[PDB]
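*Asks:* First the structure, which I've put down as structure tokens, then a few questions once you've had a look.
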Amino acid sequence: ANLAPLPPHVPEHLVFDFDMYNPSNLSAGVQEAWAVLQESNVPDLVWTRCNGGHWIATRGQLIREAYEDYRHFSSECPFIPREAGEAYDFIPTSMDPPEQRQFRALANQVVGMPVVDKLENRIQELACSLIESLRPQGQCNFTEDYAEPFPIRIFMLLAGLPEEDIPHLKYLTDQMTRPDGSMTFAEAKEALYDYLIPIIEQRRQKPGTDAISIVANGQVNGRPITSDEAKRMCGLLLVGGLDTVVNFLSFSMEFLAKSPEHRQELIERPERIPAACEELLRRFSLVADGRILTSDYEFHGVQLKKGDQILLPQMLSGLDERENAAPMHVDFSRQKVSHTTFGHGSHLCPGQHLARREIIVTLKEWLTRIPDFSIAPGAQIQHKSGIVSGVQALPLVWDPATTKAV
Ligand code: HEM
Ligand SMILES: CC1(C)[C@@H]2CC[C@@]1(C)C(=O)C2
Ligand SMILES: [K+]
Ligand SMILES: [K+]
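Following this line, the structure appears as structure tokens:
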């Protein structure tokens with residue numbers, strides 16, 4: 009197929025042609041498809057000839073180790089394929105410490121817990137409002153009726169952007185994580201940057217309370233942040249707010265719709281919701297990006313070459329049986345829930361608190377009003393793989409009579 013010729017320094021015995029954008033066992037579930045990389049005879053570190061050719065760490069131990077060693081594993085070129093990785097200049101993700109820190113502080117300021125607290129009521133209100141509106145219908149296309157609008161509307165509120173632009177922005181964001189082939193990562197990035205620039209210059213004048221104004225008026229390296237730097241950071245924020253929680257919610261709801269027993273557990277023991285959120289985050293982890301070698305380096309007996317790209321699937325750590333016994337089994341009472349769903353190292357997701365709030369509010373408010381629901385009859389759920397994996401569609405059904413209003 010589209011396999012790049014094996015490079016001279018890469019041993020043939022370490023070859024495993026995994027395609028992160030279309031894994032072979034996708035029909036069994038995306039997490040299950042990636043899990044093949046953790047089967048008995050698969051090395052801890054393999055090389056796939058797919059997507060231009062790149063390494064793939066398959067165990068949590070290596071993934072964590074690599075994300076900690078930024079001196080060897082630089083985030084300068086974090087995306088596969090290389091062309092996308094080279095065009096990827098988002099801030100602060102494309103930067104390594106010490107350079108990353110000043111920009112990371114600003115990014116954290118606009119999506120951190122203090123912001124979540126400020127938005128507590130908006131988040132709560134939107135969830136209840138959306139659910140109450142769907143409740144009497146007895147059915148919904150979950151991905152588009154809730155998974156997308158709930159977190160996206162909250163983010164647009166946070167960023168101070170008009171909801172009218174959602175279709176446009178969500179489309180561009182997806183092209184950077186799960187390209188449909190209509191455009192390159194670079195074209196999508198430039199389109200998003202072009203959307204943001206006029207807004208940034210517009211707000212760079214007066215101090216605002218929205219994320220874009222705060223970024224545009226930030227101070228980094230003892231100077232005002234430039235409009236271009238603000239652009240590089242805001243683009244990252246847009247992608248982070250429009251294509252992460254959105255997909256995770258669908259993996260979680262798909263699971264709940266297929267498991268009455270787990271729905272009942274949370275209905276009867278609501279105090280377990282926080283823990284359930286964490287276990288779902290482990291089992292349905294969905295991100296996978298990587299790093300690039302800054303110099304020749306021997307890692308776990310494997311000769312990595314400067315310029316080599318290495319995928320470090322955040323998704324795989326928690327599915328690693330070496331980290332969690334019976335990894336594919338969802339156990340809300342699981343002891344020592346281990347995962348790197350939000351990343352590891354200096355780039356550990358600063359938006360994870362907003363994410364957990366949206367997930368926990370969804371679990372609480374959905375089960376409170378629509379405790380009983382199932383996958384539409386005859387429906388077969390399809391997943392999609394990429395930098396961020398997702399659910400193509402999730403048709404749900406329920407008897408309106410069983411629903412409750414608050
Ligand atoms: C379930 C939801 C989420 C998941 C699984 C997730 C996952 C991740 C991961 C794996 C990284 C590190 C990537 C790397 O090391 O290259 C990251 C970075 C980041 N995330 Fe999230 N994220 C989520 C939600 C959010 C939300 C809601 C926002 C925005 C409002 C956000 C904003 C960011 C930002 C700004 C970074 C870059 C941090 C840096 O480079 O220092 N994330 N996220
Ligand atoms: C890997 C990510 C989840 C992280 C935030 C959005 C994302 C797709 C990036 O480009 C950095
Ligand atoms: K070789
Ligand atoms: K780059």
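Mind the numbering: the sequence shown is residues 9 to 414 in PDB author numbering, read in order.
Where a beta carbon is used, it is the ideal one built from N, C-alpha and C, also for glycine.
Decide yes or no for the touch test of the stretch 205 to 212 against the stretch 147 to 160: beta carbon pairs closer than 8 Å, at least 3 of them.
*Replies:* In short, these stretches do not touch, since the Cβ pair count stays below three.
*Asks:* For the alpha helix (DSSP H) that contains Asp236, what are its first and last residues?
*Replies:* Along the sequence shown, one-based indexing puts residue 236 at 228. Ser235 to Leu250 is the extent of the alpha helix (DSSP H) around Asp236.
*Asks:* Beta carbon of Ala12, beta carbon of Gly61: below 7 Å?
*Replies:* Here residue 12 refers to the residue found at position 4 when the sequence shown is read from its first residue. Here residue 61 refers to the residue found at position 53 when the sequence shown is read from its first residue. Yes, these two residues count as a Cβ contact at 7 Å.
*Asks:* Taking DSSP's pairing of strands, which residues face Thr192 in a bridge?
*Replies:* Position 184 of the sequence shown, counted from the first residue, corresponds to residue 192. In the DSSP output, where bridge partners are listed per residue, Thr192 has none listed.
*Asks:* Enumerate, from N- to C-terminal direction, the unbroken beta strand (DSSP E) stretches of 3 or more residues contained entirely within the stretch 108 to 191.
*Replies:* For the stretch 108 to 191, whole beta strand (DSSP E) runs of length 3 or above, ordered along the chain, are 147 to 149.
*Asks:* Taking three-plus beta-carbon pairs below 8 Å as touching, is the stretch 106 to 118 in contact with the stretch 129 to 144?
*Replies:* Short answer: they don't touch.
*Asks:* Could you check if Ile395 belongs to the surroundings of ligand 2, using beta carbon to heavy atom distance under 6 Å?
*Replies:* Within the sequence shown, residue 395 is the residue found at index 387, counting from 1. It does: the Cβ of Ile395 is within 6 Å (strictly closer) of some heavy atom of ligand 2.
*Asks:* Is the CB-CB distance between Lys392 and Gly386 below 7 Å?
*Replies:* The residue labelled residue 392 in the question sits at position 384 within the sequence shown. The residue labelled residue 386 in the question sits at position 378 within the sequence shown. Cβ atoms of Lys392 and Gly386: not closer than 7 Å.
*Asks:* DSSP three-state call for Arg342: helix, strand or coil?
*Replies:* For the purposes of this step, residue 342 is taken as residue 334 along the sequence shown, with counting starting at 1. Here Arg342 sits in coil by DSSP.
*Asks:* Taking 6 Å as the cut-off, does the CB of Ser102 come closer than this to any heavy atom belonging to ligand 4?
*Replies:* The count along the sequence shown starts at 1 and reaches residue 102 at position 94. Flag set: Cβ of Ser102 near ligand 4.
*Asks:* Within 10 Å of its beta-carbon, does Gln311 have 16 or more other beta-carbons around it, so buried, or fewer, so exposed?
*Replies:* Counting from 1 along the sequence shown, the entry for residue 311 is found at position 303. Exposed, because fewer than 16 other Cβ atoms sit within 10 Å of the Cβ of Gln311.
*Asks:* With the cut-off set at 7 Å, would you say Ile233 and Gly226 are in Cβ contact?
*Replies:* On the sequence shown, residue 233 is found 225 positions in, with the first residue counted as 1. On the sequence shown, residue 226 is found 218 positions in, with the first residue counted as 1. For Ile233 and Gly226, yes; Cβs fall inside 7 Å.
*Asks:* Which residues have a Cβ closer than 7 Å to any heavy atom of ligand 3, listed in chain order?
*Replies:* Qualifying residues come out as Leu14, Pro15, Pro16, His17, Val18, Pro19 and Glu20.
*Asks:* I need the straight-line Cα distance from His17 to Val396, nearest angstrom please.
*Replies:* Reading the sequence shown from its first residue, position 9 is the one you call residue 17. Reading the sequence shown from its first residue, position 388 is the one you call residue 396. Going from the Cα of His17 to the Cα of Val396 covers about 30 Å.
*Asks:* Which of the three DSSP states, helix, strand or coil, is assigned to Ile88?
*Replies:* Start at 1 with the first residue of the sequence shown, and residue 88 comes out as number 80. Coil at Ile88, not helix or strand.
*Asks:* Any heavy atom of ligand 1 closer than 6 Å to the beta-carbon of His391?
*Replies:* As a working mapping, residue 391 is identified with position 383 in the sequence shown. No, the beta carbon of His391 sits no closer than 6 Å to any heavy atom of ligand 1.
*Asks:* List the whole-angstrom C-beta distance separating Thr151 from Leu402, where the pair is believed to meet the contact cut-off of C-beta under 8 Å.
*Replies:* For the purposes of this step, residue 151 is identified with residue 143 of the sequence shown, where counting begins at 1. For the purposes of this step, residue 402 is identified with residue 394 of the sequence shown, where counting begins at 1. That belief holds up - the Cβ atoms of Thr151 and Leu402 are roughly 5 Å apart, short of 8 Å.
*Asks:* Nearest by alpha-carbon distance to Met336: which of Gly359, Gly37 and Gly309 is it?
*Replies:* Walking along the sequence shown from the start, residue 336 turns up at place 328. Nearest of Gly359, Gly37 and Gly309 to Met336, Cα basis: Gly37.
*Asks:* For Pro86, which of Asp97, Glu76 and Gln343 has the nearest alpha-carbon?
*Replies:* Here residue 86 refers to the residue found at position 78 of the sequence shown. Of the candidates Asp97, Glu76 and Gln343, the one whose C-alpha sits nearest the C-alpha of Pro86 is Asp97.
*Asks:* Could you check what DSSP says for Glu276 in three-state terms: helix, strand or coil?
*Replies:* For the purposes of this step, residue 276 is taken as the residue at position 268 of the sequence shown. Three-state result, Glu276: helix.
*Asks:* Just mark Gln39 as buried or exposed, buried being the case when its beta carbon has 16 or more other beta carbons within 10 Å.
*Replies:* Translated into positions along the sequence shown, residue 39 becomes position 31. Classification for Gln39: buried.
*Asks:* Under 6 Å from any heavy atom of ligand 4, does the C-beta of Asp236 make it?
*Replies:* Residue mapping note: residue 236 aligns to position 228 of the sequence shown, counting from 1. Outside the cutoff, so no.
*Asks:* Less than 7 Å separating the beta-carbons of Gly315 and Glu76?
*Replies:* Mapped onto the sequence shown, residue 315 falls at position 307. Mapped onto the sequence shown, residue 76 falls at position 68. No, these two residues do not count as a Cβ contact at 7 Å.
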